[PDB]
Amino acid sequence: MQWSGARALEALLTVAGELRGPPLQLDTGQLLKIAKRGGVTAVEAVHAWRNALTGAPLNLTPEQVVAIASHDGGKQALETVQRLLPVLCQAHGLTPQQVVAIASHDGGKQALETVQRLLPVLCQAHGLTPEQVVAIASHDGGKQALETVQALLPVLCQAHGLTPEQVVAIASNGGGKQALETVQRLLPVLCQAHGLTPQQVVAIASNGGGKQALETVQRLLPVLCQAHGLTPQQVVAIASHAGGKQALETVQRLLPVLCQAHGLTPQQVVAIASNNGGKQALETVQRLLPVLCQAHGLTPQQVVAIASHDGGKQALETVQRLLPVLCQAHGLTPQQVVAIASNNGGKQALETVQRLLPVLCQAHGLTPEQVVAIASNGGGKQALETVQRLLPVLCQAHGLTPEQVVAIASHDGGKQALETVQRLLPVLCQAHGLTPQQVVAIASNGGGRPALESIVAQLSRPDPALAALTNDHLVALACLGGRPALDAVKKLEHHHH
């Protein structure tokens, strides 16, 4: 391995080799993931305790073992998991999945030991639910966040007027300790001096790097309003994503250039800045605005719309690379390429439509126009790749029309909805009398999967919202408003009677 010893690299490769064997049966991808983030000692630990982890009272799946191992200190996490999973499950109520979720971060050992130690007091003295304590714990630095919630939740509620839910939201990111301390410290000045509300301060603090965003907001809000004419509502919006600090500094540096030299409006710059990686997007639009409107290309409106998402930089650079071949070799129009690019993971959708537009048509019989519609949503790459896999079993075994599959895939989260449909189509039709017309109709929206899950929960185990919602009313509800429609309905019978 590294430069101390030599050619017992062989011993290490042999250890990696035997992990391809049973009980874990790991593939290249999984070994690579462990080596890249847990390091050699994590790889050696997995090998050493592969039987203990997979058996006994733990019963972990290989994917679960891989998730715990693939972080700094992973060997500590695997060791500690073996020690604490049973007691956390039995004595504290948590499920194994939750224990694994806590353990699957850098310093997982510390988080698991702290949850063991603090979950009781946090539930009893502070009123949190086990679920909330798990969400706090399930990030790098989780020990610190839990200890800081314990120390500061009282003052943040009583002196600064926040709710426990709010405190939990600030705490449930990496560097949660840092954000909670910064909130305790700057909340008064941000409200009193800069005119913000607590809600806004909370929104800025409820992301990774919140500390940095809050200090940056304290520091640049004045200049950005008084010198560049932005509103405080706009500044906050920039600041309310992870990386807000970076987006704010870049806005200050590029707002004059982009409005003067390139003709964008302030509200357009803000919209580009208000996403994760806002800094990256701003710089990329400035660099690529000319060429994207050069030799024809696109309208500036369209550049802004591509830029105005998480990963916007990746989308723009992918659009610049593939627009020509996609239009020319595959026959698409720009308006379609833009529509594919203007979602989260634009880059991923484009690349996938590149390698799958030719192949979904052939091996499965879809139109291009169908294929665009799939990729023109967030998660395009996931929808396409799942259509490729699951179209055959959906039509042939479950008897669905291909146009039906396509209608399910043609929404954000399509892969979820499909994978769910396949799971829940049988129990819905044959066991509860729903038609596949109705199940397709519930699946065919955003939040298809949760809607299907909620509906089956209510049917399989008749919940308390009594029989008046017959099976067609639940379908009409599930289509109209998903899981939220379903949950709101439950929450009302609970008190209106």
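Just count from 1 along the sequence shown to find any residue number.
Of the two segments, 162-170 and 285-293, the one listed with the higher mean B-factor is 285-293 (C-alpha atoms only). Averaged over their C-alpha atoms, the temperature factors of 429-437 and 22-30 are higher for 429-437. Ranking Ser342, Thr333, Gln82, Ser240 by the C-alpha B-factor listed in the PDB entry places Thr333 at the top. The top Cα temperature factor in the record, among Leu122, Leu258, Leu220, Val201, falls on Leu258. Residue-level temperature factors show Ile455 in the middle third of its chain, judged at the C-alpha atom. The deposited CA B-factor of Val43 belongs to the lowest third of values across its chain. The entry lists a Cα temperature factor for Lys279 that places it in the middle third of the chain's modelled residues. Sorting the modelled residues of the chain by their CA temperature factor places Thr61 in the lowest third. In this PDB entry, the Cα temperature factor of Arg37 sits in the middle third of its chain's modelled residues.
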